[PDB]
Each structure stands twice: as C-alpha cells, then as structure tokens.
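All remarks here apply to the structure that follows.
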Amino acid sequence: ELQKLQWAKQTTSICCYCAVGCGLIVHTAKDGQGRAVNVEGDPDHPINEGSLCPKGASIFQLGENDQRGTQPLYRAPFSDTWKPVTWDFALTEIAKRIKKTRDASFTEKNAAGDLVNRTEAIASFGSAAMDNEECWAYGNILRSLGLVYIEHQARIXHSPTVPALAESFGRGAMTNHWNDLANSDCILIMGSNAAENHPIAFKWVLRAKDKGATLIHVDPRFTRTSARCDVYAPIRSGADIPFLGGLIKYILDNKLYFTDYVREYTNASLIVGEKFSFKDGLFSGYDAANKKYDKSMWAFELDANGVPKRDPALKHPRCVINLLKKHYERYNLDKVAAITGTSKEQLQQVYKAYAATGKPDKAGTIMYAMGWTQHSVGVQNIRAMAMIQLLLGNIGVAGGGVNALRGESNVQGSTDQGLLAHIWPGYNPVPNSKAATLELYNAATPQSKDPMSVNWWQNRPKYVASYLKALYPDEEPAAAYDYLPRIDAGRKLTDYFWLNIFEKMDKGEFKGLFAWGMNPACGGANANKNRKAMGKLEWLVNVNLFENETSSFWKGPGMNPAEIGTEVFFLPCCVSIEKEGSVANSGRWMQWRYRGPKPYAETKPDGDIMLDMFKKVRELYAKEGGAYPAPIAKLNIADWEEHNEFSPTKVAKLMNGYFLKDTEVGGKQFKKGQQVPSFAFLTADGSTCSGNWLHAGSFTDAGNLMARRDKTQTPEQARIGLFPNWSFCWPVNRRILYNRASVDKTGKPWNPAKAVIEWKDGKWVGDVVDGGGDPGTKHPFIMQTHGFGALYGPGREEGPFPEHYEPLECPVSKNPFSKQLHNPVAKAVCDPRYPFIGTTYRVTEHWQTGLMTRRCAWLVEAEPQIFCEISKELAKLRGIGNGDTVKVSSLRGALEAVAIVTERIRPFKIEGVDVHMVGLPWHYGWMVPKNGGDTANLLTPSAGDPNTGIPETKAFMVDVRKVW
Amino acid sequence: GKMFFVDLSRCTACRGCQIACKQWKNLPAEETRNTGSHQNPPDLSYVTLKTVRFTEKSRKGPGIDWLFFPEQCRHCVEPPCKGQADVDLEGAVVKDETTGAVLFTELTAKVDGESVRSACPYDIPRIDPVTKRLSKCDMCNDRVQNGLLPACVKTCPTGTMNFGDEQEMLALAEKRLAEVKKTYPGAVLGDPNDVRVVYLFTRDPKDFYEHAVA
Ligand SMILES: Nc1nc2c(c(=O)[nH]1)N[C@H]1C(S)=C(S)[C@@H](COP(=O)(O)OP(=O)(O)OC[C@H]3O[C@@H](n4cnc5c(=O)[nH]c(N)nc54)[C@H](O)[C@@H]3O)O[C@H]1N2
Ligand SMILES: Nc1nc2c(c(=O)[nH]1)N[C@H]1C(S)=C(S)[C@@H](COP(=O)(O)OP(=O)(O)OC[C@H]3O[C@@H](n4cnc5c(=O)[nH]c(N)nc54)[C@H](O)[C@@H]3O)O[C@H]1N2
Ligand code: SF4
Ligand code: SF4
Ligand code: SF4
Ligand code: SF4
Ligand SMILES: [S]
Ligand SMILES: [W+6]
C-alpha cells in the first residue's frame, strides 16, 4: 500500500485546462469526506493513458490552495476595501440589481415597432470553464431575463472556424479527434503551437512519426513544437493565404489531387453562373460605396428542377474546378517565396511532402488553433485549408481532417450551449426583429430539390420547437417563441459581440456586467481602456476561483478607489474536481466527471450560484411584478434541481430530451417520459423536448453515455482508435465527421488498412456512419444544402475563393497578387515611434490570463515573470543583452519585461527592409505573483473589423527600449 | 533491478515531469526569477530533484537545435555517493536490492555532505543549508514497489520517459537507438552499462549539460 493514498476515496475527473480532455484520478481524504490528497493522470483513459502536462499535473495545487476565495465579498461604491458577506446577502442584492436594471431598461418593441422583448442595459462575459449543464442553464437564465449581449472566449478563438468549416463541409467542428492524429502520413501544424498548447496531442503526433509520418511546423517563431518536427518552415506574420494558395496551385499543376474523390464528393463539377468573375483583386458584385458584395452574382447555374447543374467530366469552363485552377494560377513559387519569406527550396519540400497525401491510401491532416486567424481574412485562411484537404481527399478519412483545435476544456460545449450573441443552443440562430413568428423563423432554412442531398438542416423546426418545450413545457412553441429576446435586423451583428461590449461599456451604456468565469481586466485587448471603462458600470458580478484583476479593478494600477462608484460582488466558485458534470473536448467527446472533495470553504458550484440567483429574481417578480414577467415566471427550472441543489444529471437528461406524451415517430412507439434516443426522433409538434438537439443520444433510456468508460473495440475500430464505447461524442457518436467520403460508391474504403466505415453484409461497420443510406445513394456532406464539400464557397463575405489581402497594415505597401492591397469588405495609425511588430502567445506552464496558474507555486517556479522574446538582430540594434529589463510600449500603454534574446526569432524581410517581431506572453497581471508583471493587453489595440468583432493580439505595433 | 530509458529525441520540454515530481512528494517551490531563459529552477536543490535544462545550439538555415535535458540521479549500479557516505556512517546511503534504487536517508545529516556531492560523477546530490540532509531523486521507489510507474514516467506525454525491468529497458534502448539514428545519425546512449537512468542523446551529450555523462 502507498500510505499517501490509503484511506482516500478514488474518483475520476477530466482536466480543467485545455480541450485535449485528459483523464484524472483524484484521491480524497476520509473516504471522500475531506480534502483532495493527490491528483494525477488516469492510466485507463484512452487519450492521455495517465500522461499530464504541467497544468493538469498541478491541479492538486490549484484546488488545495489557501489563496482561493472562501466566501462572497462586497465592495461598496467609492470603498477602499472588501467586506465579507453571506450568500443570502450577496444573491439577494444581486437579484435586486438585476430586477431594478431590467425593469428600468426593458424594451417590448424597438424603434421600428417590432417585438424584441429585451434589455440592453446588462451584458455577460463567460465562460468555457463551466460544465456543459451549467453553460446551458446560464444562457437560458440570461435569455429569460431578456439579455442579448451574451459573449465569451469562443468569440476570439472559435468563431472564425465555424463559418469557414460550415461553408466547406456543413459543420464548424473539428472534423477528427486526438487519437486519430496517429493515423496521419503527414501532419502540417500551422497557426498552432500544439506541443505547448495541446501537449498530450504530441503523444499521438509522435506515434504518427513512428509509423513513417512527416511532421511539419509553419510558424513565424521556433517553438517547443518546432524542436520535434521534421521540417520547420518560418513564415512572415499574415502570409498564410499566399502559402496555402501556392499549395493549391502546386496540387493542381502536378495533378496530385484525388481525382475520383474530387469529382464525386466535392462541388468541383458544379457549374457557376456567368455573373461570377474576378478582376484586379475584386469579385463580381462589388459595391464600392458600402464596401460589400452582392453575393447573388456568385450563384450556381440551376437546372430545370432548381438543382445546381453539374458536368461530371469537369470540362465546362465554368465548372468550379476550372474556375479554381484559373484563380490560383497567380500563386507561383517566386511570388509566394518573396511574400512568405520561406525559401523556394523549403516551399517545394513542404508542398511535395503534404500533396503526396492526395494518394487514396495516404492521409494528411492540418492542425491549427488560434494562430493569427483573428484578422478580417482569418475565415479565408481556414477556407484555404479546407479546400486543400478536399482536393487531396483528406476529409472523412482516418489521419485526415481539418483539426481546428479548440482552446479551453469546454469551449466546444459553451459554444454548443449558445453563450454567443448570435446563437441559441444547437446552432439555431438568435431571432432578429424581422423573424416575427416561429413560422417565419423556420421559413429561412434553404431547401434542396436534389433527391441525393440529405440537407439535414431541413429538420431545424423539430430542434427549435423541442428547445422551446424544454424551457416552456406548458406553452405551444409558437407562443413560447415570443418570450425570448430578439436582436435588431437593421444592426451589424458585430454590434452585439465582445469588442463592441467593451466599447459600449466605455460609453457608459451598461448598468451591469456579469464577468462569469473570465478575467476581462487582463483578457480584453487595450486593458488601460477596459479597466477605466469598468468604472462606468453601476454594478459588476465576478464569479471566480480567486480574487483577480477584474474583481479588484477599482484598486488596480493608477486607480483611486475613492473616485470609482462601481458596486462589486465577488462570488467564489468551486474547482472542477469539487463538482459533477460534463465537458466537451475538441473532438466533441462529452465526458462525465465526478466530485472528489466537497467544495472548499463556502465556495459553490456555478449551477448552484446561478440557480439560487435566478430563484431570488423570480421571487422578487412574484411579489413586486415589473417588466414582462412571463419569460422569468414560466421558465422550467424544476427539471434543473434535486435534493435542493442544481442537478447535473437532471439538466443533462433535459438537454438530451424526453417525450412529453406517447408519440409515434420514425415508425416506432415511444411512451411519455422516455428519453429521446437520438435527434432523429425529435418532433416539431410539441411531443418532444430537448435543450440541445446535438445532445439527443447522449443520455438515453440506456443511461448516461457520457459516463461510459468502456475500452471495448473491434479490430477495425482499434486499428484507428475510435474508442466508440468511451464517453459519447455528438452527433450520435460519429467520431470522424464526413466519413461517407472515406469510401467509394460501393462502400469500400479508399484506405482499407485505416478504414473508418465499410459496407459489410448490408450495414456500415466501424464508426457510426455520418448519414444513413446505402453506398452510392446520398451525397456525403449531409449538413450542406447541396451535399458536397465546397471548393467554391459563395456564402463568404470576402468571396467564394480565398485571396491574399494584406493583414499587416504598417510595414507592407505592395500586394504581388492584385491591385487590391487590403480586404475590400473590411484605421491603424502606424505611428513611426513604434516600429516593431508586437505579438502575444502562450507557454506550456501558464493558462490564459494566468489568474489560475499565477496562484500555483510550481508553475510560477518554472515561469515566474513576463518576458520579451527578441532576435539577436533586434538586441544588437537596441543594445539589449539577454536577461536585461526592457520597456515595451505602444500607442495604448507600456510595461517592463525580462529580455530573452534568441535565434528562435529572426527578422522578416519585407520590401527590402528587415522588420522585427517582439514576442510577449499574455499570462501576467498586477495582482500576483510578486514581480510577475502585468498584462501584455496593456499594449494591444481595440479596433477590430466590422465582420469579425475580434481585436488584433498577434500583430500590433510596439517599441522596445533597454531599462537601466 | 529496474531502469529508466529516456529518449531525449521525443521531449517537448513540457515540464510535466518537473511538476509531477513535486506533486507526488508535496515539495515546496523555490523563489525563482527570469534571467533570460525558460529554464527554472536554474539547478537541482534540496527541494528540486528534477529540473528540465534548456540549451540552444545554432544550425545552418532556419531555426535552432533546441536541447532539453530532464536531469535526475542516474541510480548508479556501483554508486560513488554511497562509497563516500559509508566512510562516515553506513545507512546514510543505501541500495534497494530488488529495484536498484540508490536512497538517501535522514542519516545523511551525520556525513560530510559536500564530500558526497563531490564523489558523484554527475554532480547530483544537494544539501539542505539548515539540517545538512542530502536529497535527490529516489526513483519513486515506494510507487515502484507498489506496482506503479515513477511520477515523472507516468506523466510524460511524449514517450520520452520509459521504465521497467533492466533486461526489457536495455533491449528497448538498443532497438530505439537504431531507429532514432535514421533521424539523428550522431545519437548515443549515456553510460548504459554503469547506470539505471539511460539517456538517449541526439548528439554529443555534453551539448545537453556539462555533467550529462561521466
Ligand atoms: N499552455 C497553454 N495552452 C493553451 C492555452 C494557454 O493559455 N496555455 N490557451 C488555450 C486557448 S484558450 C487557446 S484559444 C489555444 C490557442 O492555441 P495556439 O493558437 O497554439 O496559441 P498561440 O501560442 O497564441 O499561437 C500559436 C502560434 O501561432 C503563431 N503565429 C502567430 N502569427 C502567425 C501567423 O501569421 N501565421 C501562422 N501560421 N502562425 C502564426 C505563433 O508564433 C504561435 O506559435 O491554446 C489553448 N492551450
Ligand atoms: N493578448 C491576448 N489576449 C487574449 C488572447 C491572446 O492570445 N492574446 N487569447 C484570447 C482567448 S483565445 C481567450 S480563451 C481569452 C481567455 O480570457 P479569460 O477567460 O478571461 O482568462 P482567464 O480568466 O485567465 O481564464 C480562466 C478562468 O476560468 C475561471 N474558472 C475556472 N474554473 C471555473 C469554474 O468552475 N467556474 C467559473 N465560473 N470560473 C472558473 C478562473 O477563475 C479564470 O477566471 O483571452 C483572450 N485574450
Ligand atoms: S492542459 Fe490539456 S494536455 Fe495538459 S493535462 Fe490538461 S487537457 Fe491534458
Ligand atoms: S523518479 Fe520520482 S523522484 Fe525521481 S525525478 Fe521522477 S518523480 Fe522525481
Ligand atoms: S548519480 Fe550520483 S547521487 Fe545518483 S547514484 Fe550515482 S553517484 Fe549517487
Ligand atoms: S514530461 Fe516528458 S516530454 Fe515533458 S519535459 Fe518531461 S521528459 Fe520531456
Ligand atoms: S477558448
Ligand atoms: W481561447
């Protein structure tokens, strides 16, 4: 026996940091009745096999931490100090602030006379850190209160992926999963530092290399990832589209595309209309006055039945594939080398290695994360990756995919639960003011007349109705539709997003902010602006593990508490290992985890904090009345509670959904109260509820499939690592999306040695087939209107093909590909006092703003202070020695950091001039530790663009000077 | 006995191993500062039994050779530390007969600590300034005797860390060296007949650390 673990109860959990979703084992003293005594890896978990990076490996120190919040704290207007208060006081007073602000600000109808039933006087930030059941409950609480300004982390790092990949494949999700990386023949890591930011992914990346894969890192910097790749190719900041356009040209010129896959499964054969053109860097339908395209000019030519015309011979000059060849003919090696700064020799090496995966029995994967995809053409960067993968036949196959790596443990789930201003749960859009009825809302879904096109989104009315029945079970969906707030049809959608919430706050336009599991005083771009702007709030609610730069902004650097009127409530929540629930990882694996120790001190799980808060608001409305009470009074919260507490199990069952009456669906009889077995059995007529149609199948009459810990695999499942009996992934346990594209028209795998699905004895064996139907009878992309992987993507604001528009404004004056320098549908000052390109990025040992990891002594031990990474060339220019203190400054702010002088950074050659990059970690803040430094977001701008609503944190102008 | 095979050609310098060693033993954190390096703590100490050493080497063309070295006691087959300590008092340094772990006891306070560090060919032992006890990696010998992997081996994401019976680990080291030479032609094993922690280096071991090999 090990004394340390004797007498302790062992439970399982899932890491609370990144989206890999590593398994933990937690030992809790006194057979579960005391504190955690140990936290380490779960040896049985199929993703990590017991491995943990330093963040997972230190979760014991995060949880058993005497700096954690212990009880609610209250800061009165103009006060110098916190006062400790009861949960009863804090939640009672917060409910009064919510009700006072809502009653004063609630709008039934907008200026135009359209029903909107909303309050614009309260905003919410957060959070991908909450469990899936908590995220789902939180969004429904905020929407029942009438909020529209509902945002979180996903806006920055997830939001560009969803439309890029949805345009290309029909869904926004990461297409494959972590274990599947070991099946790749060539791994291209580009806009990702996965060895530092998804460290257990390198278990599977290095296993691919063991079986003969080539590993390629394309990054402006040499990182811990680069050290373990076969090829490191430097790229200039923002030169990704030229790099990827050059690879498209290389694939087409050298005939390395997967011909049969391209003909059958992509839109290569579709005939584009005569109104499509591209000239001088502009597509047809450009409106120069409004800086916008008439996308109707990009329509397909339709047959007599309304279906896009196809030429399967691919000879018609207006075939997608022929327009594609013409578009990318400009991306020659000489021009691509000049702009990327990558040598022609290295471009040829990378292109040859990667394009070799166009062979049917080879697979290539692309791994990207946040990288620099935040700028106005980040969607087109991701489109280009999707197009390359479709040309090479890498979508739907083992070791293939677009592995768009999610950031946080539950950013997949928090997005799935609609914690962004434009979406309800399950990616049903938030209604705008012109969607006056449920019938009009449903009318917007595009239809297909192609009998081979599944067009699965035609089922949307079932999902919206079942969602409204989960919230308001005693109302007809058409009546409950009027309870939920609507955004203005006449406003830019970005007016409701992250950056404009900070801008409105700075204009004094919010009374209240929820900072729920986020640190916006460090995570928001232009921290000096945002910290000042928080002083313009009447009230702030911060729900968090520790006191932090947001909770305590009023006593931050340069702040006089006696001049700051903001009322602040600090509500301490419990850590992941102190509560039960699920988190959805980057591969869509929805994993159940259990309580080890009880909540520390008087901390509470988020579900209890939000439900108690909402019950107090509801009580106030029952006693006082006020603005439109129906959405609050009628919300179904009885299904969220058991034994006087928030119930993760009951909320997960509601999110799956259940029958409200005896129902015949899909030729099967279901009884009142039965769990819905899959979203295929939801109805639009009120017979079913489901909080999230993507969850229908996760928690059935068979039990909690998210809690399965079964390693059982068939030989074909085990060969590629599907682990279909370990947890559950949406949709309906399809581990590899688009897997009908992995077989020929008879159901035979392109790569039998790595089969995903195979037609055997009248059924699909292996993975769950992504779309039912006999081989050769359906188009493989079932969430696409037309059924095909889109090379040509005419729903994108910037055009149907990616095109280089320069994202680096200050040092670049010339575009070698066209007369159009900058994005024609998209204010940088470029003050010559700030000649260097500042960038922010992560290190393995710290998490996000560092609020969590700056409280962990072993992680501070390894990375104690903010640093500034510079080249030998810049160090020589500015007289900076390794380890010197430097001042980094911008138009927005200034900070001190320790210089790290390294050959891992080299100058960029731009138009015959060396341009220097300055690297900073954004993991530091004034609260802790001693001499740690403050946020790199003191330096960053807050401009964004009218299309993304995302600030520039990867290329912003700075100066660096030695401090003596 | 037992053996570690440490394939440095797979290391991402994640420092999972550095943290896992301290979590298992509940060791304190040192006071550290950044002096122009990711490396920290800068050295082994009484409270740090493992630290990842970082070395940058220039190469022709893009990037660098970035060398990572998770340093620990080699658990020598014939340990000079024990031969030195035994001059002053037997029992201060002992060897587990089944695993081969070399173990410092509380009796290290009663010997010439500085002399024991000096006897070590790898410069491993560290002295507590207050109590004069010596510390170093103990092979997680209690975990090993209970059928568990050492904390640093279990945590490692990359397959850098490997542990088992000496026969299976020497066979693994031989097989892996032949494969790694296809990528790193100058790869060598560190003192493989003398120690129980056998590092595979991708080049001259002294490029990783002055005391990488004897
Ligand atoms: N250790 C750790 N892991 C994390 C996090 C953390 O804080 N710490 N955060 C998590 C979260 S929330 C997220 S969103 C993810 C983000 O994960 P990543 O996107 O991997 O994060 P970064 O390190 O910010 O950026 C990745 C790389 O992009 C490179 N890059 C910069 N500009 C360009 C460019 O123009 N082109 C290309 N091709 N590359 C460029 C940078 O040099 C950097 O190495 O990480 C997650 N994982
Ligand atoms: N300059 C710059 N800025 C950036 C980025 C960048 O690359 N550069 N990255 C952006 C991105 S991608 C992201 S993801 C954001 C992240 O920005 P934030 O989310 O604001 O960062 P943190 O607050 O550090 O994230 C961890 C938080 O999780 C909370 N937490 C942990 N467990 C729980 C729990 O159970 N409940 C609750 N309620 N809270 C919990 C902690 O208290 C802490 O506040 O920063 C963005 N900002
Ligand atoms: S931070 Fe990510 S890679 Fe590290 S232990 Fe946690 S889930 Fe695994
Ligand atoms: S074997 Fe145990 S004591 Fe030695 S370095 Fe690894 S974790 Fe630390
Ligand atoms: S490495 Fe040094 S301290 Fe460790 S066993 Fe050998 S002589 Fe003793
Ligand atoms: S845990 Fe493994 S990969 Fe990470 S630094 Fe240690 S030996 Fe290297
Ligand atoms: S995230
Ligand atoms: W993120």
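Each protein sequence line maps, in turn, to chains A and B.
Numbering-wise (the numbering used here), the first sequence opens with residue 87 and increments by one.
Numbering-wise (the numbering used here), the second sequence opens with residue 27 and increments by one.
For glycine and all other residues, C-beta sits at the position ideal for the given N, C-alpha and C.
Short of 8 Å from the beta carbon of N837 of chain A, and not among the five residues preceding or following it, lie these beta carbons of its own chain, in chain order: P446, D447, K448, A449, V483, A484, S828. Here the alpha carbon of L768 of chain A sits roughly 39 Å from the alpha carbon of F588 of chain A. Comparing alpha-carbon positions, the option among A:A914, A:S495, A:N790 lying closest to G107 of chain A turns out to be A:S495. Per the DSSP secondary-structure output, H113 of chain A pairs in a beta bridge with A:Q96, A:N124. The DSSP assignment places 843–846, 849–852 as complete runs of the beta strand (DSSP E) inside the stretch 828–869 of chain A, in order along the chain (cut-off: 3 residues). Take the alpha-carbon of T428 of chain A and the one of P320 of chain A: they are about 6 Å apart. Distances taken from the Cβ of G107 of chain A to the heavy atoms of ligand 8 include none shorter than 6 Å.
Taken in chain order, the unbroken stretches of beta strand (DSSP E) that lie wholly in the stretch 162–228 of chain B and span 3 residues or more are 187–191, 223–227.
Using a Cβ distance threshold of 7 Å, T988 of chain A and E1038 of chain A do not count as a contacting pair.
Taking all protein chains in view, the Cβ of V239 of chain B is crowded by 16 or more other Cβ atoms within 10 Å, so the residue is classified as buried. Between the alpha carbons of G852 of chain A and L505 of chain A lies a gap of roughly 34 Å. At a cut-off of 7 Å between beta-carbon atoms, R222 of chain B makes no contact with chain A. Chain order gives no chain A residues near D233 of chain B, where near means a beta carbon separation below 7 Å; the closest approach is about 14 Å. In this structure, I868 of chain A lies away from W602 of chain A, with their beta-carbon atoms at least 7 Å apart. Contact between the stretch 768–778 of chain A and the stretch 740–753 of chain A is present, with at least three C-beta pairs closer than 8 Å. Against chain B, a Cβ distance below 7 Å from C139 of chain A picks out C40, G42, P183. Nearest in C-alpha terms to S975 of chain A, of all of A:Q498, A:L1024, A:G457, is A:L1024.
Our two residues, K335 of chain A and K622 of chain A, have alpha carbons roughly 53 Å apart in a direct line. Going by C-alpha positions, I952 of chain A is about 20 Å away from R79 of chain B. For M473 of chain A, the enclosing alpha helix (DSSP H) starts and ends at 464–477. With respect to the C-alpha of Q89 of chain A, the residue from B:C37, B:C182, B:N172, B:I45 having the closest C-alpha is B:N172. Between the stretch 172–179 of chain A and the stretch 664–671 of chain A there are fewer than three inter-stretch CB-CB distances shorter than 8 Å, so the stretches are not counted as touching.
In terms of side-chain proximity, the C-beta atom of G493 of chain A is found nearer than 6 Å to a non-hydrogen atom of ligand 8. For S141 of chain B, the uninterrupted alpha helix (DSSP H) run begins and ends at 139–145, by DSSP.
Taking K701 of chain A as the centre and dropping the five residues before and after it, the same chain places the C-beta of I723 closer than 8 Å to its C-beta, in chain order.
Residue environment for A1022 of chain A: buried (at least 16 other C-beta atoms within 10 angstroms of its C-beta). Burial state of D326 of chain A is buried, judged by a 10 Å Cβ sphere holding 16 or more other Cβ atoms.
Within the same chain, Cβ atoms closer than 7 Å to the Cβ of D389 of chain A are found at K395, the five residues on either side in sequence being excluded. Proximity of chain A to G109 of chain B at the Cβ level (cut-off 7 Å) is not reached, the minimal Cβ distance being about 31 Å.
Just measuring C-alpha positions, the residue of A:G258, A:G885, A:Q119 sitting nearest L491 of chain A is A:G258. Against chain B, the beta carbon of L292 of chain A has neighbours under 8 Å at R36, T184, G185, listed in chain order. Ordered by chain, the residues meeting the criterion of a beta-carbon within less than 6 Å of a non-hydrogen atom of ligand 5 are B:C99, B:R100, B:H101, B:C102, B:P105, B:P106, B:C107, B:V128, B:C146, B:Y148, B:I150, B:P151, B:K162. Per DSSP, the continuous alpha helix (DSSP H) segment holding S191 of chain A begins and ends at 173–191.
Legend: CB atoms of the stretch 882–903 of chain A lying less than 7 Å from CB atoms of chain B are not found in any residue.
Counting every other CB atom within 10 Å of its CB across the protein chains shown gives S99 of chain A a total of 16 or more, marking it as buried.
At a threshold of 6 Å, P231 of chain B does not count as near ligand 6, since its beta carbon sits no closer than that to any of the ligand's heavy atoms.
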